[PDB]
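Enquirer: below you'll find the sequence and an experimental structure to go with it.
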2 protein chains.
Amino acid sequence: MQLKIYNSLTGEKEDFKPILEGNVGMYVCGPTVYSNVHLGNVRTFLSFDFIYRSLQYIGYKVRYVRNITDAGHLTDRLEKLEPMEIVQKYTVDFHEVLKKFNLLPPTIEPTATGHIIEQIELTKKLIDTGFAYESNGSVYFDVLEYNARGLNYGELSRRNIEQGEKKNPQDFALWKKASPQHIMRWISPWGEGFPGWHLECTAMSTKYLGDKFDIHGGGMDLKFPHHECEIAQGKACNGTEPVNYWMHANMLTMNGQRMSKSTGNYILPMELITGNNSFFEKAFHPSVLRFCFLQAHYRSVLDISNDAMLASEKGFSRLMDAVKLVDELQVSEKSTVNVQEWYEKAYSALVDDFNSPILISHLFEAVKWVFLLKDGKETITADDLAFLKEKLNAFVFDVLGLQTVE
Amino acid sequence: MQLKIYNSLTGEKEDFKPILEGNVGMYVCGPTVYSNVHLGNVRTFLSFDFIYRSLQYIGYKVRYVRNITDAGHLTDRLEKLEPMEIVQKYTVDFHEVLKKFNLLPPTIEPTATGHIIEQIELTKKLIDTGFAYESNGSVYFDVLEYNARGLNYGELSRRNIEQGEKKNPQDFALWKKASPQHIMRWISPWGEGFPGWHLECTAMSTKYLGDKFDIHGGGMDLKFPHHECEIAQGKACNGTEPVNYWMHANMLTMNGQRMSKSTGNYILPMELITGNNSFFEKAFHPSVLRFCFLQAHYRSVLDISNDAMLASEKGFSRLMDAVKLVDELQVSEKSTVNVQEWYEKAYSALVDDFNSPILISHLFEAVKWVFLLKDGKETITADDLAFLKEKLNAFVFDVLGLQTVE
Ligand SMILES: [Cl-]
Ligand SMILES: [Cl-]
Ligand SMILES: [Cl-]
Ligand SMILES: [Cl-]
Ligand SMILES: [Cl-]
Ligand SMILES: [Cl-]
Ligand SMILES: [Zn+2]
Ligand SMILES: [Zn+2]
C-alpha cells in the first residue's frame, strides 16, 4: 500500500503525495562544523538516512540535499587562527563518523560559504519587498509586517511565548554586520558581514529543490526558531509554503538522563564505538549501534544503556546468523510458511511513517523461519526461498543499512 | 642537516628557507571533481602527502592548503540535471580513494564555489590596475601589458611557443560570460558568468597563506598555462612573486606506455586495488601500492607493471616483518651496529629533496639488522633498540605513511 508520513505542520500521519510523480525532493539540516558531531545529531542523520533509503526502495527517485553550516550560526596569515582550519577538521571527522555508521552520502551537500551570493540576493529580495530592513549594517526580518499581511509566524511550533537595532524583539537577522572580532566576513550591499543562520538553509534548499519541495527534515530542536524562520523566509520570498512535509527527529538520552557535558552524562560517537568510556562495558560495532537506534521510532526518544545495547547486540547476531544461513537452506516441493504474507506485513510497517521497530519485528518472523527451515521443522520451495532471500537482504542491507561483521 | 628542495623556478636544488621561522605555508593544486580521480593524480597527491608529512617530522608547522575545483575549468529543479550532484559524487569518491592510500587531510580544503566573491574582487583589482579588461561579459588578463611593464610572462615554463574577444591570443580569462548552456553561473559586475580556472587558485592560495607563501605544488602538466597564470596573477595583484618554491610531480606510466583511455592502457585506482583489471595478476593493498610509488622520486616518471609491483610487495612484507620483530628483540650490553650512523644516513636522504627511494634503501639496512639481531648474529643495547624502534616506526608510519596489513 501507499506511504504515510507524519507531518509536523498538521500533527497527523498523511498520505504522502509527491509534487512530481515518482520523485522526492528532500532537505535535512546538516551539522555546524565548529566542533565534533554529537551522538544525538548522528541519530537524526541516521534516521533520515533510513528514510532516504526507504524512499528509494519504495521506488521514488530521491534528490537528498543535506547542508553544512561552515559560516555563521556562531550562536551554536600563518600566525592568525583560521576558521576554515576548524571547519576542515570537523568536516572530515563528521564524514568519518557517518561512514562508520554506513550512512549513504546525500545527493548534494552544499555549504553556507558556497552560497553567500545567493543569500545576499534573497536579502535584497526581502528588503525590496518590505519583509526586511537594514539596521546598522545588519538586515532583520520584519515579523510584525509578515503577520500584518496574514502570513502567521509560528505556524510550525504553534507558539507566541517570550536588541536595539530591531523594530521588534521577535525579528531575526538575515545578515549580520561583521565586528573586528569576526574573522569570517564578506562584502555586501550593507558593508562587511556574514549570513544569518536561517537564511542559509532557505537559499540552499530552494536553489537545488525549488520554491516548494516535498520533505524538510531536522532535529526537533530546530522547529523553533530555525525551521519557523525558514517557513517565513520561503513564504515571503516565493509567495508559497516551501515545504509540504515537515519531519522532526527526537532526542537521545543515556540511562534515562539528558546528555550533557556539564552533567557528565556525555559520550562521543567514537567513544561508544571503541568502548573508551565508562557507561558501556565493551566496544560496539557501529552496525550494532545502528541496529539499536533503529529499534526506536525516529519520532520517539531513544535511550541508550548498557543492558539495552547488549540486548540489541544479541538480536543483531541472530538476524545476521539467519542472513548467512539462507544461502545454504534446503528446498522442498511445498512451502509451509507464507513468504508473501510476511513481506506484506514487513512492507506495511515500513510505509507506516517509517516504522523501523515494527519492521524489525517482522524481520524476526523471517529469522525464526530460517532456523526452523534449517532443522526440517518447516519447508520452503525454491521460488519462495529466492523471494525470501531477496526481500530479507533488501530490508537488512539496503533499507536498514546494516552490514555484516566478521 | 638542513632541508634542500628542488625549485622549478631555478631548476636547481635550493636550501629551503621559510618566510616565517619554524613554519611552512604550502598549496597544492587539487582535483577537478567532474569525473573519477586518475591514478596519476593520486600519485601527485600522494607525493605531496609524503612531503607534507616530511615537513612535519623535520619540525615545521605546516599549513597545507589543497583546493577543489568544483566550478569552472570545464576545459578539463528535480528534472534538471545538477552540476552540484556530479561534484558531490566525485568529491566523495576522491576522498574515499585518498583515505585508502592513507593520505592525511590537508589543513584547509577550499572550493572554487566557496570563493566566487574573493575572485570577483581580484578581477576588479586587475581591471582597475590595467592588467585586465572586460570584453563581451568576460574579463581577460592582458599579457602584453604585463610584459611591457617588465613582468616576464613565461618565467616558469620558459617558453614563448604558439579568440576575437581578446586583444592578443595569449590573453587568458579571469572571468567568463555564462552562455545559456552553462548551468553554473553567478551574478557579477560584468553580467552572469563563472570563474576562470587560474584565478580560482590565486584567490584561494593567497587568502589562506598570504601574498607570498613558501611552497606551491602540483602536477607537471599544470606548469603551463595554469601555474604560469597563477604567477602572473599574483605578481600583478600584489606586486611580488606569490611563491618562493615551485614543486612539480612527474607522470605515471604503465608498462612503459602512457596511460590513455583511447589506447586502452588505462586503469582506475580502485581497479588496481581490487585486482579487477587485466594488467595485474592479483589485488594489491593500497599501502603496498603506496610503497611502490614512494620507491620512485616524485620528480621521476613512475612506471607500474605487474613484475615491479610484485617486487615492491615482497620488499613491503620484509619491511613490515622487521617492524613487528623489533618489539621482541633481545638486548645485550653492547651494540655491534651503529644506530646513530644509520639514522643520519636515513635523515639526509629525506632532506635531500624528499628522496624517498634512497630513504627506503637506508630503511632496509635497519631491516637487515633486525633479522640479524633476532638470530644473535648482531647485538644491540636497550637504549639503541629503543632509538631504532622510534626512528624506524617514525619513517615507516609517519613519514612514508605506510600501514600494517593483517
Ligand atoms: Cl542547518
Ligand atoms: Cl537573530
Ligand atoms: Cl532511529
Ligand atoms: Cl587546481
Ligand atoms: Cl582562457
Ligand atoms: Cl611518488
Ligand atoms: Zn537548517
Ligand atoms: Zn590550481
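Expert: Received, thanks. Numbering: from 1, shown residues only, chains lettered A, B, ... in the order given. Ligands and ions are numbered 1, 2, ... in the order given.
Enquirer: state the number of residues packed around the residue of the stretch 301-406 of chain A found nearest ligand 5.
Expert: Distance from ligand 5 to each residue of the stretch 301-406 of chain A (CB to the ion) is smallest for residue A:401, at 45.3 Å. C-beta here means a position set from N, CA and C on the backbone, and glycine is covered the same way. Counted with other CB atoms under 10 Å in any protein chain shown, residues neighbouring residue A:401 total 20.
Enquirer: run a quick check on residue A:60 versus residue A:21, I expect a contact.
Expert: No - Residue A:60 is not in contact with residue A:21 according to CB atoms under 8 Å; the separation is 9.5 Å.
Enquirer: higher neighbour count, the two?
Expert: Counted by other CB under 10 Å, residue A:60 and residue A:21 do not tie: residue A:60 has more neighbours, with 20 against 8.
Enquirer: for whichever residue of the stretch 101-250 of chain A sits closest to ligand 8, which residues are in contact?
Expert: Closest to ligand 8 within the stretch 101-250 of chain A is residue A:114: 18.3 Å, counting by CB to the ion. Going by CB atoms under 8 Å, 6 or more residues apart in numbering or on different chains, residue A:114 touches B:111, B:113-114.
Enquirer: 6 Å instead, please
Expert: Neighbour list for residue A:114: B:113-114 [criterion: CB atoms under 6 Å, 6 or more residues apart in numbering or on different chains].
Enquirer: same question, the one 3 residues further on
Expert: Contacts for residue A:117 (CB under 6 Å, 6+ apart) come out as residue B:186.
Enquirer: ok so it is a strand residue?
Expert: No - counting by DSSP: H, G, I helix; E, B strand; the rest coil, residue A:117 is not found in a strand; it is helix.
Enquirer: circling back: where's the residue of the stretch 301-406 of chain A closest to ligand 5 relative to residue A:98, distance?
Expert: 11 Å (CB to CB, to the nearest Å).
Enquirer: same thing with residue A:383?
Expert: For residue A:383, the distance to residue A:98 - CB to CB - is 38 Å.
Enquirer: same thing with residue A:53?
Expert: According to CB to CB, residue A:53 and residue A:98 sit 14 Å apart.
Enquirer: how about the strands in chain A?
Expert: Taking DSSP state E as the test, the strands found in chain A are A:4-7, A:12-15, A:23-28, A:61-66, A:132-135, A:138-141, A:172-177, A:186-188, A:191-195, A:213-219, A:243-249, A:252-254, A:257-258, A:302-304.
Enquirer: just to revisit the earlier point, more neighbours, residue A:383 and residue A:98?
Expert: For residue A:383 and residue A:98, the more surrounded residue by other CB under 10 Å is residue A:98, and the numbers stand at 21 against 11.
Enquirer: please name the nearest non-neighbouring residue to that one.
Expert: Excluding the flanking residues, the one nearest residue A:98 by CB to CB, 6 or more residues apart in numbering or on different chains is residue A:45, at 6.3 Å.
Enquirer: run a quick neighbour tally on that neighbour.
Expert: Residues lying near residue A:45 (other CB under 10 Å) number 25.
Enquirer: the one 3 residues further on now?
Expert: Counted with other CB under 10 Å, the burial measure for residue A:48 works out to 26 neighbours.
Enquirer: how far away is it from chain B?
Expert: Distance from residue A:48 to chain B, counting by CB to the nearest CB, to the nearest Å: 16 Å.
Enquirer: quick one, domains of chain A?
Expert: A:18-305, A:306-401 (curated CATH domains).
Enquirer: first-to-last residue distance for stretch A:365-382?
Expert: Using CA to CA, to the nearest Å, one end of stretch A:365-382 lies 19 Å from the other.
Enquirer: do you know which of the domains of chain A lies nearest ligand 3?
Expert: Nearest of those (CB to the ion): domain A:18-305, 4.2 Å.
Enquirer: does that closest one reach ligand 2?
Expert: Yes - with CB under 5 Å from the ion as the criterion, ligand 2 is reached by domain A:18-305 at A:172-173.
Enquirer: in the stretch 1-150 of chain A, which residue sits closest to ligand 1?
Expert: Nearest residue of the stretch 1-150 of chain A to ligand 1, counting by CB to the ion: residue A:29, 3.6 Å away.
Enquirer: who's in contact with that residue?
Expert: Shown in contact with residue A:29 (CB under 6 Å, 6+ apart): A:218, A:222.
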